[PDB]
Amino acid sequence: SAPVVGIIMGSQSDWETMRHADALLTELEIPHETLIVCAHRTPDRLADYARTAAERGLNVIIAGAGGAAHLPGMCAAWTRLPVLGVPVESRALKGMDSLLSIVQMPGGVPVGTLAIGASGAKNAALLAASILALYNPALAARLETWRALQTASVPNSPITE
């Protein structure tokens, strides 16, 4: 029941995107926590969250942010855990500022970055699941079933009417 993934985001406005990560983890029966951590308004909260994540039993952090999106990178600065970053779509620049701010981490401090928006949030959860599946056989079986069903469920032709 203890969380093994932490989903963090800077604002309530990010939840519309990050809820897709939350939903997927629940679907795959991966215990997790969901929190707001703002890199710019609560930097000490971030430092403490990231520093202590491993000792609290977290294995993966999924962090979403938009604009000058510093939350994933600063999380990775303080934790040795894998950090996955979700660029949240921004109003003016459509998430391009979010994307570049997250993915372009200089060498030495990684953030595994997913697509802009809801797709990225879903895939961050799936990527987290595939990491956890490496050392959890029951989850690995659930993930295999999930991927197989996704493949089997693709229609053969469009509805052209």
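Just count from 1 along the sequence shown to find any residue number.
Mean CA B-factor, 32-40 versus 110-118: the higher value falls on 32-40. In this entry, the higher average B-factor at the C-alpha atoms falls on 23-31, of the pair 23-31 and 65-73. Ranking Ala129, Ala92, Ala47, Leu99 by the C-alpha B-factor listed in the PDB entry places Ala92 at the top. Among the modelled residues of its chain, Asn136 has a C-alpha B-factor that falls in the highest third according to the deposited record. Among the modelled residues of its chain, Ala53 has a C-alpha B-factor that falls in the middle third according to the deposited record.
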